[PDB]
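> here is my input; please provide its structure:
(2 chains)
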Amino acid sequence: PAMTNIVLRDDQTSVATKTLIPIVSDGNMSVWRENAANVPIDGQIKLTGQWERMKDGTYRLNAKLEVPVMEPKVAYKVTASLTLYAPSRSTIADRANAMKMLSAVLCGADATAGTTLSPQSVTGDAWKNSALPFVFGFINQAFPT
Amino acid sequence: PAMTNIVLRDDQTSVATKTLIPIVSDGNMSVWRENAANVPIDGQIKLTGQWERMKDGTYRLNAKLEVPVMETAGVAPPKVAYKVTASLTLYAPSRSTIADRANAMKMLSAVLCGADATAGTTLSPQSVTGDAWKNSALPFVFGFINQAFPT
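Residues are numbered from 1 along each chain as shown, chains lettered A, B, ... in the order given. Right below this line is the structure:
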């Protein structure tokens, strides 16, 4: 399929919407980037999807989100990266099950079946105020013990 | 807080539940694992959370889900045939804040759950709808499952 915009929501008290527009693709790497006014290219949120069929037939797929913070010059950036390793014998079902289940972990699965926190929540600060296991864990840099 | 069970849903036509039980933590690394019948220890679904302070002060945080598939016998548990591994790594420099990390984790999670050209789009990773993930056209849902992203 052709790249489209990808529209995201941050966790601010008044949740802000980020629109990532298609920039470039070469068949195995595709780049989307925000086009916010008065921000240099190296300060824009950037999403990259890349994939490779490795020599042994395993597929390695990666989605990487980079959020730079400006001092200008870039002061630093936070990067979040999902890699899926799918050996040659793997099936559609294997990959769907694994992606769904890990996504559920990231969105706050816990000891009760079905628990989730929407990554499109309109509720400000809902992620930074969450006690859910891996939501709190990544944000506070410490997993359950 | 202490580890608890982590209960997940697969994408089967009748969605099935997986209960990952806390195994062990050493502060550096915490492990949960399913206890399905007739499956060897290395063949169980396994979730690992770990963190490392890099030499420049950046924290590298990782959550890894391993989903093994067993060989088919022609009951004692068969050998493991292969594993599909999905892993999320967060790189958080020393200057980064709680708000930085919350924003990035929320937004990448939204990508994985099917964000698209319309504000608010999401497919629940706890969906009770059978096959919803493998049937989806949403950009990074279809992309990971079919092993290629939009171009």
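
> could you check which helix or strand contains the spatially most central residue of chain A?
Closest residue to the average C-alpha location of chain A: residue A:65 at 5.4 Å, with C-alpha atoms, centre = their mean. Counting by DSSP states H and E, the element that carries residue A:65 is strand A:59-70.

> is that strand anywhere near chain B?
Yes - using C-beta under 8 Å from any C-beta of the partner chain, strand A:59-70 reaches chain B at A:59, A:61, A:63, A:65, A:67, A:69. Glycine gets a C-beta too; all of them are placed from N, C-alpha and C.

> what's opposite the fifth one in the beta bridge?
The residues listed as beta-bridge partners of residue A:67 by DSSP bridges are residue A:78.

> what's the answer for the third one, then?
Beta bridges link residue A:63 to residue A:49, residue A:82 when assigned by DSSP bridges.

> can you check which helix is longest in chain A?
The helix that spans the most residues within chain A, counting by DSSP state H, is helix A:92-106.

> now that helix, how far from the chain's geometric center?
Mean-position distance between helix A:92-106 and its chain equals 14 Å (C-alpha atoms, centre = their mean, to the nearest Å).

> how far away is residue A:104 from residue B:99?
To residue B:99, residue A:104 is 24 Å away according to C-beta to C-beta, to the nearest Å.

> also residue A:112?
28 Å.

> sorry, back to before: what residues of the strand holding residue A:65 count as buried?
For strand A:59-70, burial by neighbour count (16 or more other C-beta atoms under 10 Å in any protein chain shown) applies to A:59, A:61, A:62, A:63, A:64, A:65, A:66, A:67, A:68.

> now do stretch A:80-93
A:80, A:81, A:82, A:83, A:84, A:85, A:86, A:87, A:90, A:93.

> stretch A:14-23 too?
A:15, A:18, A:20, A:22, A:23.

> closest to chain B out of those residues?
residue A:18 (6.9 Å; C-beta to the nearest C-beta).

> does the closest one touch residue A:45 like I think?
Yes - in this structure residue A:18 lies within contact range of residue A:45 using C-beta atoms under 8 Å: 5.6 Å.

> which residues do these two both contact?
Residues touching both residue A:18 and residue A:45 (C-beta atoms under 8 Å, 6 or more residues apart in numbering or on different chains) are A:8, A:34, B:107.

> so what's residue A:18 up against?
Residues in contact with residue A:18 (C-beta under 8 Å, 6+ apart) are A:7, A:8, A:9, A:10, A:34, A:36, A:45, B:107.

> likewise for residue A:104?
A:116, B:8, B:9, B:125, B:126.

> tell me the contacts of residue A:46?
A:20, A:31, A:32, A:33, A:34, A:65, A:66, A:68.

> can you rerun that using 7 Å?
Counting by C-beta atoms under 7 Å, 6 or more residues apart in numbering or on different chains, residue A:46 touches A:31, A:33, A:66.

> list phi and psi for it.
Dihedral angles phi and psi of residue A:46 (degrees, to the nearest 10) take the values phi -130, psi 140.

> before we move on, back to that, just the buried residues of the longest helix of chain A, please?
A:93-106.

> by how many degrees do it and strand B:17-25 diverge?
Angle, helix A:92-106 to strand B:17-25, by axes from the mean of the first three to the mean of the last three C-alpha atoms, to 10 degrees: 60 degrees.

> residue A:134 contacts residue A:110, correct?
No - at 9.1 Å, residue A:134 does not count as touching residue A:110 under the criterion of C-beta atoms under 7 Å.

> so if I had to pick from the two, which one is more boxed in?
Of the pair residue A:134 and residue A:110, residue A:134 is the one with more neighbours under other C-beta atoms under 10 Å in any protein chain shown, namely 25 against 19.

> what's the closest non-adjacent residue to the more buried one?
Spatially, and ignoring its direct neighbours in sequence, residue A:134 is nearest to residue A:105 (5.1 Å; C-beta to C-beta, 6 or more residues apart in numbering or on different chains).

> in contact with that neighbour: list those residues for me.
Here residue A:105 is in contact with A:134, B:6, B:47, B:63, B:65 (C-beta under 7 Å, 6+ apart).

> 10 Å instead, please
A:132-135, A:137, B:6, B:8, B:20, B:32, B:47, B:49, B:63-65, B:86, B:88, B:109, B:125 (C-beta atoms under 10 Å, 6 or more residues apart in numbering or on different chains).
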